[PDB]
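Before any questions on binding or motion, here is one chain by itself as structure tokens, the form deposited in one PDB entry.
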């Protein structure tokens, strides 16, 4: 056609479709697609046009154009109080890319040397403290989420940082920053300009984190004179980065990339672990639990890099399929800065364009019987899996996240079995920013494998 995507009619004035979307994100999107006879279509969120790239065959039209054409900056305006002014997506595109590359470099597999033991240490410490009886009842999502913050901190931060800012206090500062976020501001940008009590809190937590970082940096320069230590961590990595123009990252920027890394990795990784365990313990999946048991059957007590990286293909499939079925990020978005072709249409300058892992992961051609968790499945449409994104803004933490998931799975199932206290795997809870299993349905019985 070369014209605009078909518009889905608005029946609710002012609000547009946001209500029907919350009620049933997948159901609503699939209904639009059916009724409009197009995988590319435009919905309306509080007056803003959102064009969905809902055909897995057209994913490349979303993930591949340059920032200058499809930009994430405006979509992330509401996180500026957390990352900081001029940090990540708020910085000019070449500088954004530089800061993101500096972070990515700290999460490459060449940094993973002592991560496996760090993760195992923290996981065993947690299990010993909280899974300390022959059997007992626990909330698996809460416990996975506590292990992820502990493990991430143990891997990424040297012992000195941890003595001043341990995983508990770090989680508290981050939860105070996160608590302040108003993602509605994507569609109601007037919010970003208002005095809100949120802003004061957020600024508070961030400035306290940045104070702690500066104090750590000053202390480290002193251990440098003494040659007591030479700590190599996430912080030292970003500290040594130098931009193309010859200058270093400011403290502001360093702090902001640390916050982005920690925000990003916490919920997604915790959720992926939780789903993966929930599926593995369910009676319908005994064959898959068997397979994981076989994979790890001959592993040593103290795992190494090679065991997790190279000898857990099935665990990795489990993690990936969990993300496939229940993607923690439902909608990836960009601001359209200039007219782009998508499918047989032109998406106009000023639209938000979106591509939905939720929608695409449930395309029946790409993923037959998509509600069936099957780690042995393989995509049947090229590039249909987008749980880690793709192209210009593809996930830079994927290997680190999967490292943690797989290690937790090997560590946990070595020492325990688990029983779901429900007939079914929990329902996904779509009411949060990062989507996981319904927290109240995640009660499980652990059983110590004596």
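Residue numbers count along the first chain shown, from 1. Superpose the two forms; the largest set of C-alphas matching within 1.5 Å is the rigid core.
Taking the PDB entry as given, 197 to 205 carries the higher mean Cα B factor of the two stretches 197 to 205 and 174 to 182. Legend: mean Cα B-factor per stretch from the PDB entry, 326 to 334 versus 303 to 311; the higher mean is in 303 to 311. In this structure the maximum Cα B-factor among 73, 267, 317, 380 is found at 380. Across 87, 129, 280, 103, the greatest Cα temperature factor reported in the deposited entry is at 129.
The PDB entry assigns residue 393 a C-alpha temperature factor belonging to the lowest third of its chain's modelled residues. In the PDB entry, a CA B factor belonging to the highest third of its chain's modelled residues is recorded for residue 224. In the PDB entry, a CA B factor belonging to the highest third of its chain's modelled residues is recorded for residue 92. In the deposited entry, the Cα temperature factor of residue 442 places it in the middle third of its chain's modelled residues.
Annotation for residue 38: C-alpha temperature factor in the middle third relative to the rest of the modelled chain, per the entry.
Below: the form deposited in another entry, not depicted.
No residue of 341, 372, 287, 227 other than 227 has its CA displaced by 2 Å or more between this form and the one not shown when the core is superposed.
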